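>>> sequence below, structure please.
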Amino acid sequence: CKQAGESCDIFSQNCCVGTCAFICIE
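Numbering: from 1, shown residues only. Sure, structure below:
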């Protein structure tokens, strides 16, 4: 789980419920 703007990978998403293709928006 991560806040929108926090680091994130494509296959490895940091947003539990947020699209993280190339960025986390949760």
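>>> C-alpha only now, for contacts and for neighbours.
Will do.
>>> and for this protein, the residue most distant from the center?
Most distant residue from the mean C-alpha position of the chain: residue 11, 10.0 Å away (C-alpha atoms, centre = their mean).
>>> surely that one touches residue 21?
Yes: look at residue 11 against residue 21 with C-alpha atoms under 8 Å: they come within range, at 7.5 Å.
>>> residue 16: which element?
Taking DSSP states H and E as the definition, one finds residue 16 inside no helix or strand.
>>> just give the nearest non-adjacent residue to the residue nearest the centre of the chain, would you?
Centroid check for the chain by C-alpha atoms, centre = their mean gives residue 24 as the closest residue, at 2.6 Å. The shortest distance from residue 24 to any non-neighbouring residue, by C-alpha to C-alpha, 6 or more residues apart in numbering, is to residue 4 (5.1 Å).
>>> okay, now residue 17: neighbour count?
The tally of other residues near residue 17 (other C-alpha atoms under 10 Å) stands at 12.
>>> which residue packs closest to it, ignoring adjacent ones?
Among residues not flanking residue 17 along the chain, residue 26 sits closest, at 6.7 Å (C-alpha to C-alpha, 6+ apart).
>>> what sits against that neighbour?
The neighbours of residue 26, taking C-alpha atoms under 8 Å, 6 or more residues apart in numbering as the test, are 1, 2, 3, 4, 5, 15, 16, 17, 18.
>>> please spell out the ChimeraX selection for the buried subset of the residues you listed.
Here is the ChimeraX selection string for the buried members of the contacts of residue 26, based on 16 or more other C-alpha atoms under 10 Å:
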select :2,4,15,18
